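In: what's the 3D shape of this:
(2 chains, ligands or ions: 6)
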Protein chains: 2
Amino acid sequence: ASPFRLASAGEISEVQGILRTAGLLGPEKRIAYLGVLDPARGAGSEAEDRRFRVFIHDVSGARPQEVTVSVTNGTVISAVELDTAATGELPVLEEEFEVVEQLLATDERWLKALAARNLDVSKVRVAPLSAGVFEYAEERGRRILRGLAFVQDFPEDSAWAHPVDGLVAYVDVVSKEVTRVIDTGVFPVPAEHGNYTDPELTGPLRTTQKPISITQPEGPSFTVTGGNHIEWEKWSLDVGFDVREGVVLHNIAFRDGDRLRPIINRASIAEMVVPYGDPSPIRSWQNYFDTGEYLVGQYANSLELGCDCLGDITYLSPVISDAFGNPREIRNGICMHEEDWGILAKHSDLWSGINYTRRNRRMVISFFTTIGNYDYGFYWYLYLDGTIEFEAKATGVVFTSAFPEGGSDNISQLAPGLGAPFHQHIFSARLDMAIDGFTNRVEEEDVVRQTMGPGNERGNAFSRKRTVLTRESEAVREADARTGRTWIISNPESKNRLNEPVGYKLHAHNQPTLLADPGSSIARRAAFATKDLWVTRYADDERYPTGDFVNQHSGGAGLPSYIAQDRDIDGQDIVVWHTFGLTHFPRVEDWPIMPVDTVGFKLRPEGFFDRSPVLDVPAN
Amino acid sequence: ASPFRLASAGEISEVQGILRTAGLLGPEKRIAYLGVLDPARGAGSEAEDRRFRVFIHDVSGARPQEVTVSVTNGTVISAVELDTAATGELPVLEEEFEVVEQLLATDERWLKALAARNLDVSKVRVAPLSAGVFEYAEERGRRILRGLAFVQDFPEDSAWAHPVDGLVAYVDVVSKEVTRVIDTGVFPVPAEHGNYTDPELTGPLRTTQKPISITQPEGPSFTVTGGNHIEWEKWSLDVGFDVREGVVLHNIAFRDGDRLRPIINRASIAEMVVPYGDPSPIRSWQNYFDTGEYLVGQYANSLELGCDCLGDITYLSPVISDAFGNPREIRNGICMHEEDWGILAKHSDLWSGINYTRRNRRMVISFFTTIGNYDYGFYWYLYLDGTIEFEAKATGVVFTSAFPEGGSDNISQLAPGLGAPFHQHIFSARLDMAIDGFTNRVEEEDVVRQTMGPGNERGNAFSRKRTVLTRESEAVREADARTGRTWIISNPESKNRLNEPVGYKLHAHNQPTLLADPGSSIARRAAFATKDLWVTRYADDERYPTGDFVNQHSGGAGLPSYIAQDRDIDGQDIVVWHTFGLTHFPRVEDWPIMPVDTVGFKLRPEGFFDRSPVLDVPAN
Ligand SMILES: [Cu+2]
Ligand SMILES: [Cu+2]
Ligand code: NA
Ligand code: NA
Ligand code: NA
Ligand code: NA
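Out: Residues are numbered from 1 along each chain as shown, chains lettered A, B, ... in the order given. Ligands and ions are numbered 1, 2, ... in the order given. Dropping the coordinates below:
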C-alpha cells in the first residue's frame, strides 16, 4: 500500500507493455533508464499513482525520447523527443561497451598501431570510457565512447597490469565508425602480471586467522514490513532503489515518545565524478560520472553471506529493467543488519557510587557496485543516539598507464614500467531535509577566537557564530577546517523545551574539492564538485547536481542553473547538497588490488531532543 | 627476560624497600609518581638494568625529591631535591582531593557563602581542581588546589546537576589553609536532577534490543608471551603501562617475509589538556592537564566482560604503586581483542571472470580512565594492511555551571538554569619513529593545483609537492585541510623495489588547535597545543611536551625549549609529536550523561611494502 515500495517485476512488465502498445518500443529501441517517480509534495489524498520515468534510446539514429508512464492507469502521461546536442546524450548502455572492442578489431589504423607493438588483437581488451566534451566539433550530437587498450595474456589474466600507453581511439557507437585513432608513440607494455590469486604472487596463504563468529540467537532487532519499510531502535525509514542513484533512503524519522518526528525526507548519492589528473593527451579527457553517465545501480553486486556481509543479514533483491523492458532481479543486492558499536556512554561517579556503562549499535544498509576496474561500497548507518552517517568504500584495481622514463609529476609508479595516474573520487549527497517537518533553514557555524582584554582578562574565552543562509545566491559554501566550520539545519518553528529551534549538525571530513583548473571542461560539467555545500529550494525536477543528461553534456545545467533562481531558503522546503571525496595519489600498496579507503560525512542531533535520547537503553 | 616487560608487584616492593632503607620514605613521604624507565639507546649488550623513576612528596613542607632506583642492583642511582617554584610542583595526589572539601567545611568564609544560599554543608561536594599559574604571587612554591561546589541532594544523587555558581575557593593542601574565598554573587542552584538511572527520567527501558553474540570458537588469532608481548597477523609489539601516560606501545614491527621490520619504537599519549573557554572569574582559570597533572593511568577502570569489552577478550592487569610504595593491581585494566572490520579488498573483473572478496580485521588495545566527571577511552588499532590508528573516546558527565539570565556567548544551556561552559579536549601523541630503523626524516606533502596552459592544455592536471624538514626550527607545522596536507615519515637509507624510500603517511583529522589568546597563561603552559605537528631529535630526557613537572609550572619548558636546540632531523633518530583534539560546544543531547564522541589519527604505509601486504589473506 505504501507509495514508497520497491518497484515490482509486475510493474516493470506493465511498463514494457504500455510502451509497446504505444508504439514506443520497437526493435530499434533500448531502455537506457527506468525508475519509479517519488510522490509529489502533498500526497495525503491516498490517491496513489505509481509512475515511471523512462529514457528510450534508438540504435538506428532516430531521436531518443523521455517518457513518463502511469502503471496504475496504464497510460503514457508524456513523451518528449530529445535534442541531444542541446540537452545531453542518454546514459551509456551496457550493450555499447563490447561494441568498442569489436569495431576497433577491424579498423586498419588500430590494427596498424597494435602491429607496431607486436600485440595480438585477440589478446587486446579495450576499456570503453565516457567521452566528455572537448575540442572535437564532429562529436556534437553523436554518441561517442573512447577506448584505452590493455593486454590480457590469457583468459584469467588481469589485463590492468598491461596497459598499452600512447594509444587511444574514439568510436561513434550508433553509426559504428571509428572517428579517430591517436598514436603518440610506443611505450613498453609492462610485463609483470597482477594476478592476486596466483600462488606465486600471494605466497602460501596465512593459516593464522582464527574465525570470528557473529550471530543473533533471537534474530535481529529490526523489522521489515511492506517489502522495504524498516523499524529499528526508534528509527523509521523506507529503503528505495533506483538504477541511477542506487540505494535511496526515504522518510527517515525517529520515534520520540509518541511523536514520529521527521528528519530527512530523501537521502541519496546523486552524482559521483572521477576526474583524472594526468595531462597526457591519451588520458587528459578522462572523467567518469559513475552515477550520471553509467548508472551505478545497474552494476550492483550480488552480496555473498559470510564474505560480503557478516552476521545476521536481511537481504533486499531489487528489480530493474533490462534494455528491452524485461524485469531483472539483482539477487541479494542490498545487505541490512545491525552491528555492535562499542561504548555508547560510560561514567563511574566517585560521589554517587554508581557505575554505568551502555553499549552502542548501528543499523547498516549497504550495496556494492562494480564499474570496470573500480568497485565502490555505499554504506548508510543509523546509530542509537540519533546520528546518521554515510560512508563510501573504494577498492578494486587502480586504473593504470605506462610509467615514463624520467618520472612524472602526475603519475605514481606501482611496478617496473607501470604507473597509476593521479585522480579524485568525488561524491554529491543530496539531502532533502525535513527536520521536524519541511520548514527548515541552514546556519553556518564557525568557531570565534577572542582577544585577551576587558571582559576576557585571562585570554581564555572562545565562542562561536552562526550565519543564516537566507537566499540561494549566498548558499554556496566552502569548508574551513581551521575554524571548525559546520552547518546546522534547523526548524525555526519547532522548539525544544529550552525554547531553542531543533536541529541537526552536518560534520564534513573537509577533504579537498575539485582540483582541476576552473576553466576546464570538467570544472564546468562538475561545477557541484568545486564547493563543499549547496542549499537549494526544493523543486520536483531538480534531482541531480549535474542535470538529467550528463553524458556528453557541455556544461551549465544542474546546481549553477538552479541557484540562479535565488529563491528564499529561510524557513522553507530545502535541499542540502554536500560534496565530499578522496584525492588519490596511488601507492605501491594499492597494487595489484587496492585495500579499502573511505570517505563520508555525518549528521548529529543539535538540540533536536530535550535530553539524551538513549537513557532508556538497558544494560544487557 | 624482555627489558620491556610490565613492572611486577615484586619490583615495586623492592623499590619501596630500597627507598625505605635509604631513608627516603619516612612517614611524611608520599610517592606521587613511580614508573619503569625504558632501556636507553644501544641495549644490545643484554646487560639489563631495571630502573624506576620516583617523585617523592613531603606532607610536612620539606622539599620533594626526584629519585632513580636500580631494582636489579638494589641501589639508589640518584636523588635530587626539587625547587618547585622553579621547575614545577609534583602531580596531584589522590589523598589531596578529599582534603579540599574537609578544609572548606570549617572555613568561616565558605560556611558564610553556603549559608547565604541555604545550602547544608553536609550536602555540598567540592570538585578539587588543579590551580595553574595566574596573578596570585602568594601561590608560587605552594601546592594549591581550587574548589568548585556542587549540591548532592542524597547519597546516590548526581551532584553535577546542581552547580553552585558565583563561588570558588583556593586551598593550600600542605599547610591546610584556605587562602581565598571568592563570592561574586548568588546564582540559583539548578533544581532538576540528572540521575540517569532514575526510572522517572529514563522511562520504561527498551525491550526491543535483541542480543548480538560475538565469539571465537577456536580462540583468538593473537598470542601473548612474556606477559605483554603480542604477535598478531604479522605485527609484533610490547604493551607497556605507565601511571602517567597509561598504555604505551613499544617496538611496533611488521613481519615482511622473513624480515621483522620496525615501524614505531614507542607510541604514547604524552599529554592531554582540557581548557575551558568561559571568562567568568569563577572558571577562567580552569585547565586540566589530565596526563601531566593528574596521571591518567592511576584512575584506569576495571573493564567488565560483556559490557566494556565484548567478544573473546584477553586482559592485562598492570601493577602500580600506591602513595606508600605498596603494589596495587588494576584488575582487567587493559582489554585486548580482535574485531572484524568489514571488507578489506574486493573486485569483480568482467574480463577475467574472477570474483574476489577478502575481509579486514583489527587488533584492539584499550583502557578507560575516569577523572572526576570525565571518562576517556584510549584505543590503539592495528589493521591487516599495515595501518595504525589511535582513537580517543570522550564520555561521562559534562562540567556544569549556572546558565545566566540573558544568555551567554561562552556557555550552553542544558536544562532550566543549567549551563555547560565551552571547552576543548586536546591530546598530544608522541611517536618515537623507527621506519625500517632509526634513520628517518619527515616530509610535508601538499596537493599542488596547476594552471591551464602549455603542458596542461585541458586544465585537468594536478600534482603534489614534498618538503623535507631538515632542522628542528622549521619543524613546527600547522594543518592545511584545503591543500590535503599530510606528513610522511621515511627512511632515506631503506628503499623499496622501485628504489623509493620506504615510508608511512600520517593522516590528521584537522580539527582546531588551541583557541585561547596566544598571550594567555594556558597558551604558554600548553604551547604544544597551538600547532598540529612538531618533530624533535630523540633525547632520553625529552619525554613530555609539557615537561616533567606540569602542575603550577609557569611555562616555557617542554616542546618550545626542546626545539630551540635546532638539531638536525634529516635522516636521524626523530620523534613526531601530533596535536589533535575536540572542540566541545555542549548540546542538550549531552545531558545528563554524554554519548561518546571521538577524535584520533592514523598512519598508513606509503611505499613501505613492495606491493599490497595482504595478498596472502585467505577467503574464509
Ligand atoms: Cu582511486
Ligand atoms: Cu567535553
Ligand atoms: Na549543449
Ligand atoms: Na526539504
Ligand atoms: Na618557574
Ligand atoms: Na626515533
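In: partner residues bridging whatever residue of the stretch 301-450 of chain A ends up closest to ligand 6?
Out: Nearest to ligand 6 in the stretch 301-450 of chain A, going by Cβ to the ion, is residue A:412, at a distance of 27.3 Å. Where C-beta positions appear, they are placed from N, C-alpha and C, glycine not excepted. Note on residue A:412: beta-bridge partners by DSSP bridges are residue A:420.
In: now residue A:580
Out: With DSSP bridges as the rule, residue A:580 is bridged to residue A:427.
In: tell me how many other residues crowd it.
Out: 23 (other Cβ atoms under 10 Å in any protein chain shown).
In: over to the one 10 residues further on?
Out: Neighbouring residues of residue A:590 were enumerated by other Cβ under 10 Å; the total is 22.
In: in chain A, which spans are helices?
Out: Applying DSSP state H to chain A gives helices spanning A:9-21, A:84-87, A:94-104, A:108-116, A:199-202, A:521-525, A:559-563.
In: how about the residues of chain A near ligand 6?
Out: Not one residue of chain A sits near ligand 6, judged by Cβ under 5 Å from the ion.
In: as a quick check, tell me the outermost residue of chain A.
Out: The outermost residue of chain A relative to its centre, with distances by Cα atoms, centre = their mean, is residue A:454 at 51.0 Å.
In: now that one: how far from residue B:362?
Out: Relative to residue B:362, residue A:454 is positioned 51 Å away (Cβ to Cβ, to the nearest Å).
In: next one: residue A:326
Out: Taking Cβ to Cβ, one finds residue A:326 at 44 Å from residue B:362.
In: which residues touch the nearest residue to residue A:547 once chain neighbours are set aside?
Out: Nearest non-adjacent residue to residue A:547, counting by Cβ to Cβ, 6 or more residues apart in numbering or on different chains: residue A:557, 3.5 Å away. For residue A:557, the contact set (Cβ atoms under 8 Å, 6 or more residues apart in numbering or on different chains) comprises A:87, A:88, A:546, A:547, A:548.
In: give the contact list for the second one.
Out: Neighbouring residues of residue A:88 by Cβ under 8 Å, 6+ apart: A:547, A:548, A:549, A:550, A:551, A:552, A:553, A:554, A:557.
In: next one: the fourth one
Out: By Cβ under 8 Å, 6+ apart, the contact list for residue A:547 reads A:88, A:553, A:557, A:558, A:561.
In: also the third one?
Out: Residue A:546 is in contact with A:271, A:273, A:289, A:292, A:428, A:525, A:526, A:528, A:553, A:557, A:558, A:559, counting by Cβ under 8 Å, 6+ apart.
In: the second one contacts residue A:529, correct?
Out: Read it as residue A:273. Yes: using Cβ atoms under 8 Å, residue A:273 is in contact with residue A:529, at 5.8 Å.
In: joint contacts of those two?
Out: With Cβ under 8 Å, 6+ apart, residue A:273 and residue A:529 have common neighbours A:426, A:514.
In: and the strands in the stretch 101-250 of chain A?
Out: Along the stretch 101-250 of chain A, counting by DSSP state E, counting those that start in this stretch, strands occupy A:124-130, A:144-151, A:167-172, A:177-183, A:213-215, A:223-225, A:229-232, A:235-242, A:246-256.
In: tell me which of the ones you listed sits nearest to ligand 4.
Out: Minimum separation from ligand 4 across the strands of the stretch 101-250 of chain A (Cβ to the ion) falls at strand A:246-256, 11.8 Å.
In: what's the angle between that closest one and strand A:235-242?
Out: 170 degrees (axes from the mean of the first three to the mean of the last three Cα atoms, to 10 degrees).
In: mind listing residues that contact strand A:246-256?
Out: Under Cβ under 8 Å, 6+ apart, the answer for strand A:246-256 is A:4, A:38, A:234-242, A:260-269, A:291, A:296-297, A:300, A:334, A:365-367, A:369, A:378, A:380, A:386, A:388, A:609, A:613.
In: switch to 6 Å and redo it
Out: If you take Cβ atoms under 6 Å, 6 or more residues apart in numbering or on different chains as the criterion, strand A:246-256 is touched by A:4, A:234-238, A:240-242, A:260-264, A:266-268, A:296-297, A:367, A:378.
In: ok, and does that strand reach over to ligand 4?
Out: No: Strand A:246-256 stays clear of ligand 4 (Cβ under 5 Å from the ion), getting no nearer than 11.8 Å.
In: chain center to that strand: distance?
Out: Centroid displacement of strand A:246-256 relative to its chain, using Cα atoms, centre = their mean, to the nearest Å, is 17 Å.
In: equivalent analysis for stretch A:374-391, please.
Out: 12 Å.
In: other residues contacting that stretch?
Out: With Cβ under 6 Å, 6+ apart, stretch A:374-391 has contacts from A:233, A:235, A:246, A:360, A:362-369, A:393-396, A:598, A:600-605, A:613-614, B:346-347, B:595.
In: okay, how far is it across it, tip to tip?
Out: 16 Å (Cα to Cα, to the nearest Å).
In: from the centroid of chain A, which residue is nearest?
Out: Note: chain A centre (Cα atoms, centre = their mean) maps to residue A:269, 4.2 Å.
In: related to what we said a few turns ago, restricted to strands, list the contacts of residue A:557.
Out: Among those, no member falls in strands (DSSP state E).
In: ok, so of these, who is nearest ligand 6?
Out: residue A:546 (48.6 Å).
In: quickly note the distance from the residue lying closest to the closest one once chain neighbours are set aside to residue A:551.
Out: Once flanking residues are discounted, residue A:546 sits nearest to residue A:558: 4.4 Å by Cβ to Cβ, 6+ apart. From residue A:558 over to residue A:551 the distance is 13 Å, taken as Cβ to Cβ.
In: out of the two, which sits in the busier spot?
Out: Per other Cβ under 10 Å, whichever of residue A:558 and residue A:551 has more neighbours is residue A:558, with 27 against 22.
In: please tell me how far that one sits from residue A:549.
Out: From residue A:558 across to residue A:549, the span is 10 Å (Cβ to Cβ).
In: hang on, the earlier thing: return the subset of the contacts of residue A:546 lying in strands.
Out: Using DSSP E, those in strands are A:271, A:273, A:289, A:428.
In: report the buried residues of stretch A:169-178.
Out: Neighbour-count burial for stretch A:169-178 flags A:169, A:170, A:171, A:172, A:173, A:174, A:178 (criterion: 16 or more other Cβ atoms under 10 Å in any protein chain shown).
In: for stretch A:309-326, that is, sorry about that
Out: A:309-314, A:316, A:318-323, A:325.
In: show me which of these is closest to chain B.
Out: Nearest to chain B among these is residue A:310, at 5.9 Å by Cβ to the nearest Cβ.
In: for the closest one, grab phi and psi.
Out: phi -110, psi 140 (degrees, to the nearest 10).
In: contacts only, for it.
Out: Contacts of residue A:310 by Cβ under 6 Å, 6+ apart are A:214, B:340.
In: if you set the cut-off to 7 Å instead, what comes out?
Out: A:214, B:340, B:359 (Cβ atoms under 7 Å, 6 or more residues apart in numbering or on different chains).
In: for residue B:215, see how far away the second one is.
Out: If you measure residue B:340 against residue B:215 using Cβ to Cβ, the figure is 12 Å.
In: have a look at those two and say which one is more surrounded.
Out: Of the pair residue B:340 and residue B:215, residue B:340 is the one with more neighbours under other Cβ under 10 Å, namely 16 against 11.
In: re earlier: okay, the strands of the stretch 101-250 of chain A in CSV with distance to residue A:489 next?
Out: Converted to CSV, the strands of the stretch 101-250 of chain A look like this (distance: least, Cβ to Cβ, whole Å):
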stretch, distance to residue A:489
strand A:124-130, 34
strand A:144-151, 40
strand A:167-172, 45
strand A:177-183, 48
strand A:213-215, 35
strand A:223-225, 28
strand A:229-232, 22
strand A:235-242, 17
strand A:246-256, 13
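In: next, the distance between the ends of stretch A:590-609.
Out: So stretch A:590-609: terminal residues 44 Å apart, Cα to Cα.
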